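>
6 protein chains.
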Amino acid sequence: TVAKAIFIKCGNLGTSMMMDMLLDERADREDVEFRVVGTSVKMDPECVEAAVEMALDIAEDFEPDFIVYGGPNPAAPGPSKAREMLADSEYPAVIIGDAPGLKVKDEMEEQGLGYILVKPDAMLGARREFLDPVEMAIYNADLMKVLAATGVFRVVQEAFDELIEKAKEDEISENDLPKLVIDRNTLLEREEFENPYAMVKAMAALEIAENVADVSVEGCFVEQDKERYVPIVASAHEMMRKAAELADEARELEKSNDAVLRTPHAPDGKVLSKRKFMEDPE
Amino acid sequence: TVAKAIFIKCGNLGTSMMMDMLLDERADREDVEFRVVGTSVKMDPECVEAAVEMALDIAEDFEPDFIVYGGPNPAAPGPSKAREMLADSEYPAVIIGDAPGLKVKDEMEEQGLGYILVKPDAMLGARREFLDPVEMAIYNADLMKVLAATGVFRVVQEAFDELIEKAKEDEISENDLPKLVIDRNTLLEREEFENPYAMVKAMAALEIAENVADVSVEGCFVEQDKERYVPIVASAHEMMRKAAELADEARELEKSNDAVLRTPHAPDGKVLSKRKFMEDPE
Amino acid sequence: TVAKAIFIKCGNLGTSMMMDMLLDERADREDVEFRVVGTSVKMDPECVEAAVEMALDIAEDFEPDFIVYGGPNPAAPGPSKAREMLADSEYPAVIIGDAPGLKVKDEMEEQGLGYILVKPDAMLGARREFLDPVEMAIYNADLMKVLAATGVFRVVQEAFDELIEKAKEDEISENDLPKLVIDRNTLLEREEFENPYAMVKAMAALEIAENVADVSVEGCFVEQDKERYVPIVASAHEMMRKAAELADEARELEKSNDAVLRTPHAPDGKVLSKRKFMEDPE
Amino acid sequence: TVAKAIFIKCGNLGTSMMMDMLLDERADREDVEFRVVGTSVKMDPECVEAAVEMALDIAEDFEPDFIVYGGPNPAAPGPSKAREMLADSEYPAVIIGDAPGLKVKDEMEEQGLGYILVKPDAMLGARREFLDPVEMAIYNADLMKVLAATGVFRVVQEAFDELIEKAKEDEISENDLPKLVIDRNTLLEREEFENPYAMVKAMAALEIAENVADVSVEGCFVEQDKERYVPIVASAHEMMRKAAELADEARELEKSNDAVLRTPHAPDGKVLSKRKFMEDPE
Amino acid sequence: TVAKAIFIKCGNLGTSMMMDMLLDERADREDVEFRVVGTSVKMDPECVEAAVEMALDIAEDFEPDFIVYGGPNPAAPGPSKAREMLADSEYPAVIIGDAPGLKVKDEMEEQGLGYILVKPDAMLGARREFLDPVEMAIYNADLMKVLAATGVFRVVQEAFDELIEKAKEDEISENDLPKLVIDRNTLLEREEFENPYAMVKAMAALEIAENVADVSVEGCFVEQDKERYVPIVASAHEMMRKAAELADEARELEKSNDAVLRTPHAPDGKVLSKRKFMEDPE
Amino acid sequence: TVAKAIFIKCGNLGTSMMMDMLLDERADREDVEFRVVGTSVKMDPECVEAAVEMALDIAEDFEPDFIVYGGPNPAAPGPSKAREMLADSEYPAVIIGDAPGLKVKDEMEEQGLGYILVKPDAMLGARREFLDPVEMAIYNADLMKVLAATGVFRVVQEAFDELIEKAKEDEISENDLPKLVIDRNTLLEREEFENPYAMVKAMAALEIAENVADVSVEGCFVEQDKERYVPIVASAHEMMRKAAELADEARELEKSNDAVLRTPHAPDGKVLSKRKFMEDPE
Ligand SMILES: [Ca+2]
Ligand SMILES: [Ca+2]
Ligand code: NA
């Protein structure tokens, strides 16, 4: 059976940027087919409607098993309109978002939607005097390192791989939809790291990453004096850079014990596992 | 006047992943509107045709001024199908690709296509024993850091901003389409870095990134013994990690002189410029 | 004139450890004389009363111009007794504390006490399974680096040097007593750093150090499962370690421009200033 | 059974700064009670005398089992007065000092004093043109890191804990007083590091720290031209900063093996021990 | 029996610089005696003939078992003259060189010469505007780190130790002469590294080192505009600096597992082996 | 005129290993010609006599203007024999050595010999259990980095370039011969570093490097228990590794200001100078 999904991307988060690719890292899965649509970085209600409309138009002929909407702040006007359209639709849907999405977590459950809210997927320092395209990309690189090397992306991979398997025995029910909130403490319930200091360095990374969001918000939405807000937003980016270095330190620790967890997909979609470098994944 | 474009993403490159977002880094441009479609990681001919078809379907109503196709290896069967379908459409089109795209550079010119071929946008170590989703994301984080902090993304940003300006006075002709090959030596014709060591560090980063591709190719397509190819692909990833460190080093040098170039967009899409941290961009 | 003060140390904070020594870094000031008393790490009401009583007993013959009480949490039972005793006494007094001291800020003003509340002076991960003497000392080393290299200790130095000068013209009144709250944003009102990236790195360090306190508090007072709280408190120490790296990075940036601010005391107590390595302080 | 001690602190050493705190790292020991008195950084005879007087004064009511004097250069005039007064008193006493103390080691034996002479507890670069309060604090941060992560502070904790246990059966004789000289080679007789490379790095750190003293002495007491002495004393601080990095590297090697020794006190004062992160100390 | 050899050094390579010393690292071998002659950095035909004539002049009385010629580019005019002269002589001879020596590999076999060609022994950025004595030495320090810490020097040591053993059993034949080409992939056939990430980091270092040569060649021999060639040659040196960092990182990983391979010579020349720091070599 | 010299190398020092190559870094000097002879690492009296005899034999035809003997410890039996032979000869001679050479400094002046004694050129940890060929090469890489990046090699370059120019006007007299002792404080009389922190970091590196020798000497010649001497010699190597890192940091600070001193030779042997990366040396 081939599971089918549409991913809708409006605005940008680290998680929404990678979410589809985490499911087919070598493009060799024979049990999935995806379509990805969006309006790039714009996430006003008009653009989001356009994005969802594209999805639903494609869905008529594509017949996806589920639809994923990903981007910043599920509580905002654009995303709320996506939640409304997708909840109304015939397709099971999952909302990928960040910490501001916690405001509408009960509402999403009421709407019959799944969610994965990634608290460390922090808003960047979006002031013109600081954030140009290069800086935006630098931040995203650091963030992606954090989300990957800490194990957060493996949490997201697993949630969708479970959903996909349910899709393969058809009708995914509301009870099958992910309802996850990911943060520093998520690592406490997992066995990502063989070395306890790699895990605590990864937790520190995630804490810092989550703390970045409040600094960005202060600099973007509260502070009005540029002599203050430019340094504030830039400090958030320095924090993210060091979160990434901690994530890197954690991963090097694992390397030192030849204990880096890898969980690749087989061509039939089965999630394999290994820890030793030269061990075949099984 | 609002420029419209559709971006098509099949497969993954560092450049293709970021290309649309580099043009509207704070989502505050009023002079652009984009649609993004694709088939995620899959870039076989059937997937690519489905992607291009989605794009052209949307184009009927959206009326883009140009269309961008981005992904690995323009010379491969899937991308070759996109090039012909795009070349045969009524829309001006640009192909974003990597070093393997040089093999069809003359063909693309004959097809009346633009291109941006990014030689440091190197193929990763795509063997199951090594590349899981997390490793894939870690590699992409390092690469993004390289392409951003070396100034490659600014080269791309500028090529598209120039094209967008032409789109607004409307007559985008073949002569207007970008025809760029980016590598280490690209930096020699730019003024990215105030500090010359920053520039040479960045050139080293790009050279290393470019050399990554040959290691990955050997590991994925030539070497057939896993006791050899797993170490080979893994070594490519260690190289990219150090390319990203050099890119970071270069950026910190610019910080030490308060000379980090920032070129943000104004709401009307004008590209602004600054070097000093507290200087307003203009 | 020779200014005289008694410093009372109950419990440990980075600022209270160093506060007296910041005022006479080479022991060559001829205009000050200090006594230091305390009960080491213990700050229960009984110990604190014993400490303050030692101070007041010495004060009879020493005749200090002011008395400083330093240590964790001004709102806690032990420190609350010291505030009560000092507010009752004839001596002007200043309370050095941390962020939990904010709860009794208005109370302290009503008591006629000065205060310097250092938000980044974060509680450590005080769980027996993790915190041994060596770890305690390690954390203190990281914290002292942060508070020093970010400029916090210069803010404290200044506040006391001003108070000392007022002591030297007799009338220390309640209006002369410091009323400071120090955090990340304190740097925005200062000219500590010649380089703006050094400043924002230092801000990031202070932000992280401040965030350490919440992690420690969660791990020490809220989380009851050791499988959880041991990793949590450890992760707070990993964060502090990186805050110290950031502060180091900032100082090295200043080195690179030969612009490290130094403000040493002359033998008569005047605070001198220099930036250039070979420049005489004046 | 509660052991009581008074600590006297005149001038500043890394070891004297932390000595009392290393004995009750979470303030939960129920078998100890301490008083700490001193004259801050000043250690001329009249200051040290005042300090010892405060101690003896408090002793009459407090009834300590022993008295500890800590600070620079036991052979200097001020500390020599402390040694004389303490030797003459009815209280067992221990002198904490640095390498210059070796000159009066036999004398202290003849006086019936204990001692802990810490050779890597190096004098800093005390020239006005270089040493302000911030630099002094940064040097202290690096030294504290060195003495803590090398295991020197654990040698000190143990000496005192053995002494405290003897105090609890009343019979502290002169034969029970510590007589330690601590340097790089001290690590060879210890079991501190599971990893041999961590041990040798720690050894290297302590060697560099010890050698700092010679550079400081040269810069402060021999060289008289500021064009030479300012760079000399600064070079000493750069050495200490790298000694601290070596000690941190060693600690990170222990974390890679999950073998970081921790020896926390129980509430009853028993010294517990563990290596694995998640294991209870016993 | 005492094996005797003459080493001829014209020009400089990392391998030629160290080759003799790798065979008697503490000068305590009783079974070898070497002479070293050369013309320093100059390797034009006239200089090389002079060097070889010095060797053969000494060889008349010294009676070496073999002769080694080491320096850059076996295929160049100077080295070609050394090959011809040595092939003609009565003495078995080995040519140490770099990747450009591959062009005359079959020729060397035909001449009855041995060779060790070290591809990562890359030409430096020899342009007057960049390469001064200090820069040359810095590059050599980085290269030496690479060749040593990756295990390349161990491969060279082994090759000569085998040849020396054959020298000691009177007859060296043409079949005993080494015929080695060393690169990144050489490590795949060895057991240098206990940790697989140390191995792949060492492979990355060797790959980058080998890629340096192409950048140097482009900068020295192809690019004729100084505005371009100076940055190009400089970027080659930045690449070798990071190759050395990777090599260092690999060695530290081995330290973290107490697994650093050591193969010292015994006084009788036997090559011993150990991994554990405190294990006697045997 | 073409100046001629013979370099004799017996044993190994960082300075002796590089000394001839520092004088002709690109092999393009037309005003010098060198011969290099030696007995590799062996420096017992018979070996050294053989070495010097080779040199004198060559000198009869080569007619050098001066002769350089370089290697460890001028005061040892082997080197003392070279000094005697060279002093007796018709050729001006310079002795390159290390700190132990200071013992025979006056003797060398009485002999009419020049010397360059490099105190930071420290003996390594030559115990079989630790020092294999690889470790020997690693140490030499670190030492070379220290001697190069601190500017020590530039001091040696200049001393020989002066002597060479005097050789070109026939009169090499005893007064012309270098008489240098190089150590940390040598930097104070130079203008090597534009940045004063680069200088002090370099001074720190040289201090540490010089301190290495005492540790090596303790481990190789005093300590007799291998449980002690193996760690001791290994710690010396850890120290040299950090000295190299300090030297690296110093050089990077110079890069951050575009102020790296370069002094290349012109083809006529004139020593040029520049600081800015893109400025021609003059
Ligand atoms: Ca056409
Ligand atoms: Ca007195
Ligand atoms: Na597992």
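So the sequences go chain by chain: F, B, C, E, D and A. Take any residue in the first sequence, count from 1 to its spot, add 1: that is its number in the entry's author numbering. Take any residue in the second sequence, count from 1 to its spot, add 1: that is its number in the entry's author numbering. Take any residue in the third sequence, count from 1 to its spot, add 1: that is its number in the entry's author numbering. Take any residue in the fourth sequence, count from 1 to its spot, add 1: that is its number in the entry's author numbering. Take any residue in the fifth sequence, count from 1 to its spot, add 1: that is its number in the entry's author numbering. Take any residue in the sixth sequence, count from 1 to its spot, add 1: that is its number in the entry's author numbering. Just so it is clear, CB atoms sit at the ideal spot from N, CA and C, and this is done for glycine as well.
Counting Cβ pairs, one atom from each stretch, are 3 or more of them under 8 Å apart for the stretch 272–283 of chain F and the stretch 100–114 of chain B?
Output reads no: the stretch 100–114 of chain B does not touch the stretch 272–283 of chain F.
> Which of the three DSSP states is assigned to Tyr-70/C in this structure?
Reduced to three states, the DSSP call for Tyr-70/C is strand.
> Check each residue of the stretch 210–244 of chain B: if its Cβ is closer than 7 Å to any Cβ of chain D, include it; give the result in chain order.
Of all residues in the stretch 210–244 of chain B, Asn-212, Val-216, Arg-229, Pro-232, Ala-235, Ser-236, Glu-239, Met-240 and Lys-243 have a Cβ within less than 7 Å of some Cβ in chain D.
> Identify every residue that forms a DSSP beta bridge with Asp-45/B.
Answer is none; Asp-45/B lacks a bridge partner.
> Which residues have a Cβ closer than 7 Å to any heavy atom of ligand 2, listed in chain order?
That query returns the following residues: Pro-46/E, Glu-47/E and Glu-50/E.
> Quick one: residues with CB closer than 7 Å to any heavy atom of ligand 3, in chain order, please.
Those residues, listed in chain order, are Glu-192/F, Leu-262/F, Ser-274/F and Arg-276/F.
> Go through its chain and collect everything with a Cβ distance to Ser-17/D's Cβ below 6 Å, but skip five positions before and after it.
Hits under 6 Å: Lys-10, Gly-71, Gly-72 and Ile-97.
> Would you list the residues whose beta-carbon is nearer than 7 Å to any heavy atom of ligand 1, in the order they occur in the chain?
With the cut-off at 7 Å, the residues found are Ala-88/B and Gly-113/B.
> Who does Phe-35/E pair with in a DSSP beta bridge?
Paired residues: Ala-6/E.
> Cβ closer than 8 Å: which chain F residues qualify as neighbours of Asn-196/D?
In chain order: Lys-256, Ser-257 and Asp-259.
> May I ask which residues mark the beginning and end of the beta strand (DSSP E) holding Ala-94/A?
Taken as a continuous stretch (DSSP letters only), the beta strand (DSSP E) holding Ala-94/A covers 94–99.
> Would you kindly work out how many angstroms separate the C-alpha atoms of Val-201/B and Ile-233/D, rounded to a whole number?
Answer to the nearest angstrom: the Cα atoms are 7 Å apart.
> Please go through the same chain and pick out, in chain order, the residues whose beta-carbon is closer than 6 Å to the beta-carbon of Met-124/A, but skip the five residues on each side of it.
For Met-124/A, where only same-chain residues beyond five positions count, the Cβ hits under 6 Å are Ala-214 and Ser-217.
> Check for me: the alpha helix (DSSP H) holding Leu-181/E runs from which residue to which?
Careful: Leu-181/E lies outside any alpha helix (DSSP H), inside the beta strand (DSSP E) at 180–183.
> Leaving aside the five residues before and after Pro-65/A along the sequence, list all residues of the same chain whose C-beta is less than 7 Å from its C-beta, in chain order.
Once the five neighbours on either side are set aside, the close Cβ partners of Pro-65/A are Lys-5, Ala-6, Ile-7 and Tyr-92.
> Give the range of the beta strand (DSSP E) segment to which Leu-118/C is assigned.
Unbroken beta strand (DSSP E) run through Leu-118/C: 115–119.
> Do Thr-151/F and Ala-203/F count as a contact pair if the criterion is CB distance below 8 Å?
Yes, these two residues count as a Cβ contact at 8 Å.
> Mind checking whether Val-95/D and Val-69/D have CB atoms under 8 Å apart?
In this structure, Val-69/D lies closer than 8 Å to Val-95/D by Cβ.
> Give me the chain F residues within the contact set of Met-204/C, using Cβ-Cβ distance strictly less than 7 Å, ordered along the chain.
Here the neighbours are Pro-232 and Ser-236.
> I need the straight-line Cα distance from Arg-128/B to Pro-197/D, nearest angstrom please.
If I take the Cα positions, the gap works out to 16 Å.
> For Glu-31/B, which residues of its own chain have a beta-carbon under 7 Å away from its beta-carbon, when the five flanking residues on both sides are left out?
Correct list, in chain order: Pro-268 and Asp-269.
> Indicate whether at least one CB of chain E lies closer than 8 Å to the CB of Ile-97/C.
No, no contact with chain E.
> How about the stretch 140–160 of chain F and the stretch 134–145 of chain B: do they share at least three Cβ pairs that are nearer than 8 Å?
Enough Cβ pairs lie closer than 8 Å, so yes.
> Compute the Euclidean distance between the alpha carbons of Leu-273/B and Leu-262/A, then round it to the nearest angstrom.
Each residue's Cα considered, the two are about 36 Å apart.
> Alpha carbon to alpha carbon, how far is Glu-130/E from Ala-237/E? Give it in angstroms, no decimals.
Taking the straight line joining both Cα atoms gives about 14 Å.
> Starting from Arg-242/A, follow the alpha helix (DSSP H) in both directions and report where the run begins and ends.
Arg-242/A -> alpha helix (DSSP H) spans 227–257.
> Report the residues of the stretch 113–138 of chain B with a CB closer than 9 Å to any CB of chain F, ordered along the chain.
Within the stretch 113–138 of chain B, the qualifying residues are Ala-127, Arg-128, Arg-129, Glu-130, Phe-131, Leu-132, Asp-133, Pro-134, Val-135, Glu-136, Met-137 and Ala-138.
> Taking the alpha carbon of residue 1/B as the reference point, which residue from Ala-88/B, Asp-21/B, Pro-80/B and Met-86/B has its own alpha carbon closest?
Since the displayed chain B opens at 2 and closes at 283, residue 1/B lies outside it and no answer follows.
> Quick one: what does DSSP say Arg-27/B is sitting in, helix, strand or coil?
Note: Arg-27/B maps to coil in three-state DSSP.
> With C-beta atoms as the reference, is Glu-250/F less than 8 Å away from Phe-194/F?
Going by C-beta atoms, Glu-250/F is not nearer than 8 Å to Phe-194/F.
> Report back the beta-carbon spacing between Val-156/D and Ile-173/D to the nearest angstrom; my notes put them in contact at under 8 Å.
Not confirmed; about 20 Å, so no contact.
> What whole-angstrom Cβ distance do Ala-168/E and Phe-67/E have, given they're in contact under 8 Å?
Yes, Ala-168/E and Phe-67/E are in contact; Cβ-Cβ is about 6 Å, under 8 Å.
> Out of curiosity, what's the CA-to-CA distance linking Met-240/E and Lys-275/B?
Those two C-alpha atoms are separated by around 39 Å.
> In angstroms, rounded to a whole number, what distance separates the CA positions of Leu-178/B and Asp-171/B?
If I take the Cα positions, the gap works out to 13 Å.
> Identify whether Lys-275/C lies in helix, strand or coil by the three-state DSSP scheme.
Reduced to three states, the DSSP call for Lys-275/C is strand.
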